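Contents: one structure, followed by commentary.
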Number of protein chains: 2
Amino acid sequence: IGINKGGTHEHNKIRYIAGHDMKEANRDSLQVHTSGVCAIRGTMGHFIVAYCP
Amino acid sequence: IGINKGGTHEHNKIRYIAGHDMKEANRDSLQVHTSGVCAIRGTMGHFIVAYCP
């Protein structure tokens, strides 16, 4: 998470690559959830850390 | 619910109070849910009434 073609500190941007070309997307649409509705505390880099039912 | 600095019967005006001021918000985002999603019937004032699994 959190790269804008370079080092940056923010929480409204996610990167992915479709094919062999890099792309963009929005972090606010990111969601991780088990059988029940789940929530995200706060993450940085490759890892997503949270509580979850 | 349903107060816009005065009495009104409506479905798209919710007030949330941060600090010692008054603020505007939309009722459409009001959702109550346990592990399963609940069902809102229609409410008035300080009270909520609903079915829910």
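As shown in the structure tokens, the chain order sets the letters A, B, ...; within each chain, residues go from 1, and ligands are also counted from 1 in the order they appear.
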Taking only C-alpha atoms into account, report as JSON, numbers by chain which residues of chain B lie within 10 Å of chain A. {"B": [33, 34, 35, 36, 37]}
Might you pull out every residue within 12 Å of residue 48 in chain B, with only C-alpha atoms counted and same-chain residues fewer than 4 positions away left off, and present them as a ChimeraX atom specification? /B:1,30-32,38-44
Residue 3 in chain B environment, 12 Å, only C-alpha atoms, sequence neighbours closer than 2 positions dropped, as a PDB file with N, CA, C and O atoms, in the first residue's frame:
```pdb
ATOM      1  N   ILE B   1     -33.064  12.105  15.504  1.00  0.00           N
ATOM      2  CA  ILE B   1     -33.186  12.054  14.057  1.00  0.00           C
ATOM      3  C   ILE B   1     -34.220  13.084  13.623  1.00  0.00           C
ATOM      4  O   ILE B   1     -35.014  13.588  14.423  1.00  0.00           O
ATOM      5  N   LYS B   5     -32.713  22.010  12.889  1.00  0.00           N
ATOM      6  CA  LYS B   5     -32.927  23.201  13.714  1.00  0.00           C
ATOM      7  C   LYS B   5     -34.411  23.483  13.917  1.00  0.00           C
ATOM      8  O   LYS B   5     -34.797  24.616  14.223  1.00  0.00           O
ATOM      9  N   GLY B   6     -35.243  22.462  13.750  1.00  0.00           N
ATOM     10  CA  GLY B   6     -36.673  22.602  13.948  1.00  0.00           C
ATOM     11  C   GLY B   6     -37.364  21.287  13.660  1.00  0.00           C
ATOM     12  O   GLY B   6     -36.758  20.337  13.155  1.00  0.00           O
ATOM     13  N   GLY B   7     -38.650  21.246  13.995  1.00  0.00           N
ATOM     14  CA  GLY B   7     -39.425  20.037  13.775  1.00  0.00           C
ATOM     15  C   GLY B   7     -39.670  19.790  12.296  1.00  0.00           C
ATOM     16  O   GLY B   7     -40.024  20.696  11.539  1.00  0.00           O
ATOM     17  N   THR B   8     -39.485  18.535  11.885  1.00  0.00           N
ATOM     18  CA  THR B   8     -39.701  18.146  10.499  1.00  0.00           C
ATOM     19  C   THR B   8     -39.852  16.633  10.416  1.00  0.00           C
ATOM     20  O   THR B   8     -39.170  15.894  11.132  1.00  0.00           O
ATOM     21  N   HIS B   9     -40.760  16.187   9.553  1.00  0.00           N
ATOM     22  CA  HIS B   9     -40.959  14.772   9.264  1.00  0.00           C
ATOM     23  C   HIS B   9     -40.402  14.496   7.873  1.00  0.00           C
ATOM     24  O   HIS B   9     -40.917  15.020   6.880  1.00  0.00           O
ATOM     25  N   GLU B  10     -39.361  13.678   7.805  1.00  0.00           N
ATOM     26  CA  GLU B  10     -38.570  13.522   6.587  1.00  0.00           C
ATOM     27  C   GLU B  10     -37.741  12.246   6.715  1.00  0.00           C
ATOM     28  O   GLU B  10     -37.849  11.511   7.703  1.00  0.00           O
ATOM     29  N   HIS B  11     -36.907  11.980   5.701  1.00  0.00           N
ATOM     30  CA  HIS B  11     -36.114  10.758   5.677  1.00  0.00           C
ATOM     31  C   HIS B  11     -34.698  10.953   5.140  1.00  0.00           C
ATOM     32  O   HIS B  11     -34.041   9.958   4.811  1.00  0.00           O
ATOM     33  N   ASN B  12     -34.203  12.190   5.025  1.00  0.00           N
ATOM     34  CA  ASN B  12     -32.886  12.402   4.432  1.00  0.00           C
ATOM     35  C   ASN B  12     -32.077  13.467   5.167  1.00  0.00           C
ATOM     36  O   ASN B  12     -31.213  14.116   4.565  1.00  0.00           O
ATOM     37  N   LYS B  13     -32.330  13.660   6.460  1.00  0.00           N
ATOM     38  CA  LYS B  13     -31.611  14.669   7.242  1.00  0.00           C
ATOM     39  C   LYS B  13     -31.335  14.109   8.634  1.00  0.00           C
ATOM     40  O   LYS B  13     -32.247  13.988   9.458  1.00  0.00           O
ATOM     41  N   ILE B  14     -30.073  13.773   8.888  1.00  0.00           N
ATOM     42  CA  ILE B  14     -29.608  13.325  10.193  1.00  0.00           C
ATOM     43  C   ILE B  14     -28.541  14.292  10.683  1.00  0.00           C
ATOM     44  O   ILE B  14     -27.714  14.771   9.898  1.00  0.00           O
ATOM     45  N   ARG B  15     -28.585  14.610  11.975  1.00  0.00           N
ATOM     46  CA  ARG B  15     -27.612  15.496  12.601  1.00  0.00           C
ATOM     47  C   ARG B  15     -26.669  14.665  13.463  1.00  0.00           C
ATOM     48  O   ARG B  15     -27.116  13.835  14.263  1.00  0.00           O
ATOM     49  N   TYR B  16     -25.370  14.864  13.269  1.00  0.00           N
ATOM     50  CA  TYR B  16     -24.359  14.359  14.182  1.00  0.00           C
ATOM     51  C   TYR B  16     -23.601  15.537  14.781  1.00  0.00           C
ATOM     52  O   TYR B  16     -23.262  16.500  14.089  1.00  0.00           O
ATOM     53  N   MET B  22     -23.218  22.113  15.608  1.00  0.00           N
ATOM     54  CA  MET B  22     -24.161  21.257  14.903  1.00  0.00           C
ATOM     55  C   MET B  22     -23.651  20.993  13.493  1.00  0.00           C
ATOM     56  O   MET B  22     -23.054  21.873  12.866  1.00  0.00           O
ATOM     57  N   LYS B  23     -23.891  19.780  12.997  1.00  0.00           N
ATOM     58  CA  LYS B  23     -23.363  19.357  11.707  1.00  0.00           C
ATOM     59  C   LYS B  23     -24.445  18.633  10.917  1.00  0.00           C
ATOM     60  O   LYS B  23     -25.432  18.145  11.474  1.00  0.00           O
ATOM     61  N   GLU B  24     -24.243  18.569   9.604  1.00  0.00           N
ATOM     62  CA  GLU B  24     -25.178  17.944   8.680  1.00  0.00           C
ATOM     63  C   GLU B  24     -24.663  16.587   8.210  1.00  0.00           C
ATOM     64  O   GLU B  24     -23.461  16.388   8.018  1.00  0.00           O
ATOM     65  N   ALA B  25     -25.595  15.654   8.019  1.00  0.00           N
ATOM     66  CA  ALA B  25     -25.280  14.321   7.525  1.00  0.00           C
ATOM     67  C   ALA B  25     -26.538  13.724   6.906  1.00  0.00           C
ATOM     68  O   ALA B  25     -27.639  14.262   7.048  1.00  0.00           O
ATOM     69  N   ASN B  26     -26.365  12.604   6.207  1.00  0.00           N
ATOM     70  CA  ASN B  26     -27.442  11.964   5.461  1.00  0.00           C
ATOM     71  C   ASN B  26     -27.900  10.698   6.175  1.00  0.00           C
ATOM     72  O   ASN B  26     -27.074   9.904   6.635  1.00  0.00           O
ATOM     73  N   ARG B  27     -29.222  10.523   6.267  1.00  0.00           N
ATOM     74  CA  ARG B  27     -29.800   9.336   6.888  1.00  0.00           C
ATOM     75  C   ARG B  27     -29.537   8.063   6.089  1.00  0.00           C
ATOM     76  O   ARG B  27     -29.571   6.970   6.663  1.00  0.00           O
ATOM     77  N   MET B  44     -38.244   7.651  15.025  1.00  0.00           N
ATOM     78  CA  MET B  44     -38.512   9.061  15.285  1.00  0.00           C
ATOM     79  C   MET B  44     -37.769   9.457  16.552  1.00  0.00           C
ATOM     80  O   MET B  44     -37.873   8.772  17.573  1.00  0.00           O
ATOM     81  N   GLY B  45     -37.032  10.567  16.485  1.00  0.00           N
ATOM     82  CA  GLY B  45     -36.362  11.114  17.648  1.00  0.00           C
ATOM     83  C   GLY B  45     -35.184  10.279  18.126  1.00  0.00           C
ATOM     84  O   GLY B  45     -34.416   9.717  17.341  1.00  0.00           O
ATOM     85  N   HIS B  46     -35.042  10.208  19.452  1.00  0.00           N
ATOM     86  CA  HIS B  46     -33.913   9.535  20.082  1.00  0.00           C
ATOM     87  C   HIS B  46     -33.940   8.022  19.904  1.00  0.00           C
ATOM     88  O   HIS B  46     -32.939   7.365  20.210  1.00  0.00           O
TER      89      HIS B  46
END
```
After a least-squares superposition on chain B using every in-order C-alpha pair, I'd like chain A written out as a PDB file with N, CA, C and O atoms, in the first residue's frame.
```pdb
ATOM      1  N   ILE A   1     -33.261  11.744  15.356  1.00  0.00           N
ATOM      2  CA  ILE A   1     -33.367  11.857  13.910  1.00  0.00           C
ATOM      3  C   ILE A   1     -34.348  12.964  13.542  1.00  0.00           C
ATOM      4  O   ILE A   1     -35.218  13.357  14.323  1.00  0.00           O
ATOM      5  N   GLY A   2     -34.201  13.466  12.315  1.00  0.00           N
ATOM      6  CA  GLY A   2     -35.173  14.340  11.683  1.00  0.00           C
ATOM      7  C   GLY A   2     -35.355  15.726  12.267  1.00  0.00           C
ATOM      8  O   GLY A   2     -36.449  16.058  12.737  1.00  0.00           O
ATOM      9  N   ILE A   3     -34.302  16.545  12.246  1.00  0.00           N
ATOM     10  CA  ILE A   3     -34.380  17.964  12.589  1.00  0.00           C
ATOM     11  C   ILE A   3     -33.506  18.746  11.617  1.00  0.00           C
ATOM     12  O   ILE A   3     -32.368  18.349  11.342  1.00  0.00           O
ATOM     13  N   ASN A   4     -34.031  19.862  11.114  1.00  0.00           N
ATOM     14  CA  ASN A   4     -33.342  20.682  10.123  1.00  0.00           C
ATOM     15  C   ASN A   4     -33.126  22.087  10.666  1.00  0.00           C
ATOM     16  O   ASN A   4     -33.447  23.072   9.991  1.00  0.00           O
ATOM     17  N   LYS A   5     -32.597  22.174  11.889  1.00  0.00           N
ATOM     18  CA  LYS A   5     -32.525  23.349  12.756  1.00  0.00           C
ATOM     19  C   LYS A   5     -33.865  23.640  13.418  1.00  0.00           C
ATOM     20  O   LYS A   5     -33.980  24.634  14.146  1.00  0.00           O
ATOM     21  N   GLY A   6     -34.871  22.804  13.203  1.00  0.00           N
ATOM     22  CA  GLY A   6     -36.164  22.988  13.827  1.00  0.00           C
ATOM     23  C   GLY A   6     -37.072  21.819  13.516  1.00  0.00           C
ATOM     24  O   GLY A   6     -36.678  20.864  12.842  1.00  0.00           O
ATOM     25  N   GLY A   7     -38.304  21.909  14.014  1.00  0.00           N
ATOM     26  CA  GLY A   7     -39.275  20.850  13.814  1.00  0.00           C
ATOM     27  C   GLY A   7     -39.569  20.570  12.353  1.00  0.00           C
ATOM     28  O   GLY A   7     -39.940  21.477  11.601  1.00  0.00           O
ATOM     29  N   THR A   8     -39.408  19.314  11.940  1.00  0.00           N
ATOM     30  CA  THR A   8     -39.619  18.924  10.555  1.00  0.00           C
ATOM     31  C   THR A   8     -39.925  17.434  10.496  1.00  0.00           C
ATOM     32  O   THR A   8     -39.444  16.662  11.330  1.00  0.00           O
ATOM     33  N   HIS A   9     -40.743  17.044   9.521  1.00  0.00           N
ATOM     34  CA  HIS A   9     -41.136  15.653   9.314  1.00  0.00           C
ATOM     35  C   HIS A   9     -40.527  15.178   7.999  1.00  0.00           C
ATOM     36  O   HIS A   9     -40.981  15.577   6.920  1.00  0.00           O
ATOM     37  N   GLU A  10     -39.506  14.330   8.089  1.00  0.00           N
ATOM     38  CA  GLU A  10     -38.820  13.819   6.911  1.00  0.00           C
ATOM     39  C   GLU A  10     -38.015  12.588   7.305  1.00  0.00           C
ATOM     40  O   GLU A  10     -37.894  12.253   8.484  1.00  0.00           O
ATOM     41  N   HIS A  11     -37.461  11.915   6.289  1.00  0.00           N
ATOM     42  CA  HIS A  11     -36.683  10.704   6.517  1.00  0.00           C
ATOM     43  C   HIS A  11     -35.423  10.665   5.657  1.00  0.00           C
ATOM     44  O   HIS A  11     -35.012   9.590   5.208  1.00  0.00           O
ATOM     45  N   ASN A  12     -34.809  11.818   5.399  1.00  0.00           N
ATOM     46  CA  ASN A  12     -33.544  11.860   4.670  1.00  0.00           C
ATOM     47  C   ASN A  12     -32.588  12.861   5.305  1.00  0.00           C
ATOM     48  O   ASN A  12     -31.907  13.620   4.608  1.00  0.00           O
ATOM     49  N   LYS A  13     -32.517  12.873   6.636  1.00  0.00           N
ATOM     50  CA  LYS A  13     -31.637  13.812   7.332  1.00  0.00           C
ATOM     51  C   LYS A  13     -31.411  13.330   8.756  1.00  0.00           C
ATOM     52  O   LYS A  13     -32.368  12.969   9.449  1.00  0.00           O
ATOM     53  N   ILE A  14     -30.150  13.317   9.181  1.00  0.00           N
ATOM     54  CA  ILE A  14     -29.749  12.972  10.540  1.00  0.00           C
ATOM     55  C   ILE A  14     -28.848  14.071  11.085  1.00  0.00           C
ATOM     56  O   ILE A  14     -28.037  14.647  10.350  1.00  0.00           O
ATOM     57  N   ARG A  15     -29.009  14.378  12.370  1.00  0.00           N
ATOM     58  CA  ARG A  15     -28.197  15.375  13.055  1.00  0.00           C
ATOM     59  C   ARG A  15     -27.209  14.706  13.998  1.00  0.00           C
ATOM     60  O   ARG A  15     -27.527  13.699  14.639  1.00  0.00           O
ATOM     61  N   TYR A  16     -26.012  15.278  14.083  1.00  0.00           N
ATOM     62  CA  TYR A  16     -25.085  14.964  15.155  1.00  0.00           C
ATOM     63  C   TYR A  16     -24.299  16.224  15.487  1.00  0.00           C
ATOM     64  O   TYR A  16     -24.407  17.251  14.808  1.00  0.00           O
ATOM     65  N   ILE A  17     -23.506  16.144  16.549  1.00  0.00           N
ATOM     66  CA  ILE A  17     -22.647  17.238  16.978  1.00  0.00           C
ATOM     67  C   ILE A  17     -21.246  16.679  17.165  1.00  0.00           C
ATOM     68  O   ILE A  17     -21.042  15.762  17.968  1.00  0.00           O
ATOM     69  N   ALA A  18     -20.290  17.211  16.411  1.00  0.00           N
ATOM     70  CA  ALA A  18     -18.875  16.942  16.625  1.00  0.00           C
ATOM     71  C   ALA A  18     -18.274  18.149  17.328  1.00  0.00           C
ATOM     72  O   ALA A  18     -18.389  19.276  16.836  1.00  0.00           O
ATOM     73  N   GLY A  19     -17.639  17.914  18.472  1.00  0.00           N
ATOM     74  CA  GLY A  19     -17.262  19.023  19.323  1.00  0.00           C
ATOM     75  C   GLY A  19     -18.480  19.608  20.016  1.00  0.00           C
ATOM     76  O   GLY A  19     -19.396  18.893  20.427  1.00  0.00           O
ATOM     77  N   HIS A  20     -18.479  20.932  20.165  1.00  0.00           N
ATOM     78  CA  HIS A  20     -19.623  21.655  20.707  1.00  0.00           C
ATOM     79  C   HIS A  20     -20.346  22.468  19.634  1.00  0.00           C
ATOM     80  O   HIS A  20     -20.950  23.501  19.930  1.00  0.00           O
ATOM     81  N   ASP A  21     -20.294  22.009  18.382  1.00  0.00           N
ATOM     82  CA  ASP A  21     -20.978  22.664  17.276  1.00  0.00           C
ATOM     83  C   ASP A  21     -21.772  21.634  16.483  1.00  0.00           C
ATOM     84  O   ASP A  21     -21.262  20.560  16.154  1.00  0.00           O
ATOM     85  N   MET A  22     -23.022  21.973  16.181  1.00  0.00           N
ATOM     86  CA  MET A  22     -23.942  21.051  15.532  1.00  0.00           C
ATOM     87  C   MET A  22     -23.621  20.921  14.044  1.00  0.00           C
ATOM     88  O   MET A  22     -23.119  21.855  13.411  1.00  0.00           O
ATOM     89  N   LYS A  23     -23.921  19.748  13.488  1.00  0.00           N
ATOM     90  CA  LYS A  23     -23.545  19.407  12.119  1.00  0.00           C
ATOM     91  C   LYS A  23     -24.720  18.702  11.440  1.00  0.00           C
ATOM     92  O   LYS A  23     -25.821  18.608  11.991  1.00  0.00           O
ATOM     93  N   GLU A  24     -24.474  18.195  10.230  1.00  0.00           N
ATOM     94  CA  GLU A  24     -25.473  17.499   9.429  1.00  0.00           C
ATOM     95  C   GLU A  24     -24.898  16.210   8.859  1.00  0.00           C
ATOM     96  O   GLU A  24     -23.681  16.020   8.785  1.00  0.00           O
ATOM     97  N   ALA A  25     -25.806  15.328   8.447  1.00  0.00           N
ATOM     98  CA  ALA A  25     -25.470  14.097   7.742  1.00  0.00           C
ATOM     99  C   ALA A  25     -26.753  13.543   7.136  1.00  0.00           C
ATOM    100  O   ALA A  25     -27.838  14.101   7.317  1.00  0.00           O
ATOM    101  N   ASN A  26     -26.620  12.434   6.413  1.00  0.00           N
ATOM    102  CA  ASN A  26     -27.737  11.838   5.689  1.00  0.00           C
ATOM    103  C   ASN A  26     -28.218  10.579   6.401  1.00  0.00           C
ATOM    104  O   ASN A  26     -27.406   9.763   6.848  1.00  0.00           O
ATOM    105  N   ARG A  27     -29.543  10.432   6.505  1.00  0.00           N
ATOM    106  CA  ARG A  27     -30.116   9.263   7.167  1.00  0.00           C
ATOM    107  C   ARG A  27     -29.908   7.986   6.359  1.00  0.00           C
ATOM    108  O   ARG A  27     -29.715   6.913   6.942  1.00  0.00           O
ATOM    109  N   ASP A  28     -29.928   8.078   5.025  1.00  0.00           N
ATOM    110  CA  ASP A  28     -29.866   6.879   4.193  1.00  0.00           C
ATOM    111  C   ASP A  28     -28.589   6.079   4.408  1.00  0.00           C
ATOM    112  O   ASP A  28     -28.554   4.888   4.076  1.00  0.00           O
ATOM    113  N   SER A  29     -27.544   6.695   4.956  1.00  0.00           N
ATOM    114  CA  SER A  29     -26.314   5.985   5.276  1.00  0.00           C
ATOM    115  C   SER A  29     -26.331   5.362   6.667  1.00  0.00           C
ATOM    116  O   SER A  29     -25.374   4.667   7.025  1.00  0.00           O
ATOM    117  N   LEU A  30     -27.381   5.593   7.452  1.00  0.00           N
ATOM    118  CA  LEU A  30     -27.462   5.014   8.786  1.00  0.00           C
ATOM    119  C   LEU A  30     -27.734   3.519   8.701  1.00  0.00           C
ATOM    120  O   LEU A  30     -28.592   3.068   7.935  1.00  0.00           O
ATOM    121  N   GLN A  31     -26.999   2.746   9.498  1.00  0.00           N
ATOM    122  CA  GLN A  31     -27.136   1.296   9.485  1.00  0.00           C
ATOM    123  C   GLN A  31     -26.883   0.743  10.879  1.00  0.00           C
ATOM    124  O   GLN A  31     -25.881   1.085  11.514  1.00  0.00           O
ATOM    125  N   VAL A  32     -27.794  -0.107  11.345  1.00  0.00           N
ATOM    126  CA  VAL A  32     -27.627  -0.863  12.579  1.00  0.00           C
ATOM    127  C   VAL A  32     -27.700  -2.342  12.232  1.00  0.00           C
ATOM    128  O   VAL A  32     -28.627  -2.779  11.539  1.00  0.00           O
ATOM    129  N   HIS A  33     -26.708  -3.109  12.681  1.00  0.00           N
ATOM    130  CA  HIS A  33     -26.662  -4.523  12.335  1.00  0.00           C
ATOM    131  C   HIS A  33     -25.903  -5.309  13.391  1.00  0.00           C
ATOM    132  O   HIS A  33     -24.851  -4.872  13.867  1.00  0.00           O
ATOM    133  N   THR A  34     -26.453  -6.467  13.751  1.00  0.00           N
ATOM    134  CA  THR A  34     -25.775  -7.447  14.589  1.00  0.00           C
ATOM    135  C   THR A  34     -24.821  -8.274  13.738  1.00  0.00           C
ATOM    136  O   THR A  34     -24.468  -7.866  12.627  1.00  0.00           O
ATOM    137  N   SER A  35     -24.363  -9.410  14.271  1.00  0.00           N
ATOM    138  CA  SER A  35     -23.488 -10.339  13.560  1.00  0.00           C
ATOM    139  C   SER A  35     -23.914 -10.547  12.109  1.00  0.00           C
ATOM    140  O   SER A  35     -23.064 -10.636  11.217  1.00  0.00           O
ATOM    141  N   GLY A  36     -25.222 -10.627  11.861  1.00  0.00           N
ATOM    142  CA  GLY A  36     -25.744 -10.734  10.518  1.00  0.00           C
ATOM    143  C   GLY A  36     -26.274  -9.403   9.994  1.00  0.00           C
ATOM    144  O   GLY A  36     -26.433  -8.430  10.726  1.00  0.00           O
ATOM    145  N   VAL A  37     -26.550  -9.383   8.690  1.00  0.00           N
ATOM    146  CA  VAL A  37     -27.062  -8.177   8.049  1.00  0.00           C
ATOM    147  C   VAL A  37     -28.467  -7.892   8.565  1.00  0.00           C
ATOM    148  O   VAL A  37     -29.325  -8.782   8.603  1.00  0.00           O
ATOM    149  N   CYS A  38     -28.707  -6.644   8.959  1.00  0.00           N
ATOM    150  CA  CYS A  38     -29.940  -6.247   9.619  1.00  0.00           C
ATOM    151  C   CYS A  38     -30.613  -5.118   8.844  1.00  0.00           C
ATOM    152  O   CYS A  38     -30.013  -4.495   7.964  1.00  0.00           O
ATOM    153  N   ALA A  39     -31.878  -4.862   9.183  1.00  0.00           N
ATOM    154  CA  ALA A  39     -32.704  -3.895   8.471  1.00  0.00           C
ATOM    155  C   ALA A  39     -33.456  -3.011   9.457  1.00  0.00           C
ATOM    156  O   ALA A  39     -33.690  -3.393  10.607  1.00  0.00           O
ATOM    157  N   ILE A  40     -33.828  -1.819   8.993  1.00  0.00           N
ATOM    158  CA  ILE A  40     -34.541  -0.829   9.797  1.00  0.00           C
ATOM    159  C   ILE A  40     -35.929  -0.630   9.204  1.00  0.00           C
ATOM    160  O   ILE A  40     -36.068  -0.375   8.001  1.00  0.00           O
ATOM    161  N   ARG A  41     -36.956  -0.738  10.050  1.00  0.00           N
ATOM    162  CA  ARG A  41     -38.331  -0.549   9.595  1.00  0.00           C
ATOM    163  C   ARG A  41     -38.674   0.930   9.442  1.00  0.00           C
ATOM    164  O   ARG A  41     -38.964   1.403   8.338  1.00  0.00           O
ATOM    165  N   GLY A  42     -38.644   1.673  10.544  1.00  0.00           N
ATOM    166  CA  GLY A  42     -39.002   3.077  10.541  1.00  0.00           C
ATOM    167  C   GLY A  42     -38.894   3.663  11.931  1.00  0.00           C
ATOM    168  O   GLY A  42     -39.400   3.082  12.896  1.00  0.00           O
ATOM    169  N   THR A  43     -38.246   4.818  12.050  1.00  0.00           N
ATOM    170  CA  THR A  43     -37.859   5.358  13.342  1.00  0.00           C
ATOM    171  C   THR A  43     -38.254   6.825  13.432  1.00  0.00           C
ATOM    172  O   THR A  43     -38.563   7.474  12.429  1.00  0.00           O
ATOM    173  N   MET A  44     -38.237   7.345  14.658  1.00  0.00           N
ATOM    174  CA  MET A  44     -38.511   8.755  14.893  1.00  0.00           C
ATOM    175  C   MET A  44     -37.906   9.143  16.234  1.00  0.00           C
ATOM    176  O   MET A  44     -37.992   8.384  17.204  1.00  0.00           O
ATOM    177  N   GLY A  45     -37.301  10.329  16.280  1.00  0.00           N
ATOM    178  CA  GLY A  45     -36.697  10.826  17.500  1.00  0.00           C
ATOM    179  C   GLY A  45     -35.435  10.073  17.892  1.00  0.00           C
ATOM    180  O   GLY A  45     -34.683   9.571  17.053  1.00  0.00           O
ATOM    181  N   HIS A  46     -35.209   9.994  19.206  1.00  0.00           N
ATOM    182  CA  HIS A  46     -33.984   9.426  19.757  1.00  0.00           C
ATOM    183  C   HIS A  46     -33.872   7.922  19.556  1.00  0.00           C
ATOM    184  O   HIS A  46     -32.789   7.368  19.774  1.00  0.00           O
ATOM    185  N   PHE A  47     -34.945   7.254  19.148  1.00  0.00           N
ATOM    186  CA  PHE A  47     -35.036   5.805  19.225  1.00  0.00           C
ATOM    187  C   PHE A  47     -35.023   5.176  17.838  1.00  0.00           C
ATOM    188  O   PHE A  47     -35.587   5.724  16.885  1.00  0.00           O
ATOM    189  N   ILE A  48     -34.372   4.021  17.742  1.00  0.00           N
ATOM    190  CA  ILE A  48     -34.316   3.218  16.527  1.00  0.00           C
ATOM    191  C   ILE A  48     -34.974   1.882  16.839  1.00  0.00           C
ATOM    192  O   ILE A  48     -34.496   1.140  17.705  1.00  0.00           O
ATOM    193  N   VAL A  49     -36.065   1.575  16.145  1.00  0.00           N
ATOM    194  CA  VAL A  49     -36.857   0.381  16.415  1.00  0.00           C
ATOM    195  C   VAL A  49     -36.877  -0.479  15.159  1.00  0.00           C
ATOM    196  O   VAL A  49     -37.138   0.024  14.060  1.00  0.00           O
ATOM    197  N   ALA A  50     -36.577  -1.768  15.317  1.00  0.00           N
ATOM    198  CA  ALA A  50     -36.498  -2.642  14.153  1.00  0.00           C
ATOM    199  C   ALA A  50     -36.538  -4.102  14.577  1.00  0.00           C
ATOM    200  O   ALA A  50     -36.373  -4.438  15.752  1.00  0.00           O
ATOM    201  N   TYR A  51     -36.797  -4.962  13.594  1.00  0.00           N
ATOM    202  CA  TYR A  51     -36.515  -6.384  13.721  1.00  0.00           C
ATOM    203  C   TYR A  51     -35.031  -6.619  13.477  1.00  0.00           C
ATOM    204  O   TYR A  51     -34.351  -5.794  12.860  1.00  0.00           O
ATOM    205  N   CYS A  52     -34.527  -7.759  13.958  1.00  0.00           N
ATOM    206  CA  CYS A  52     -33.135  -8.051  13.654  1.00  0.00           C
ATOM    207  C   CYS A  52     -32.884  -9.527  13.906  1.00  0.00           C
ATOM    208  O   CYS A  52     -33.413 -10.070  14.886  1.00  0.00           O
ATOM    209  N   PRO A  53     -32.108 -10.205  13.063  1.00  0.00           N
ATOM    210  CA  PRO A  53     -31.816 -11.625  13.294  1.00  0.00           C
ATOM    211  C   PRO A  53     -30.973 -11.815  14.541  1.00  0.00           C
ATOM    212  O   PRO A  53     -30.300 -10.877  14.993  1.00  0.00           O
TER     213      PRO A  53
END
```
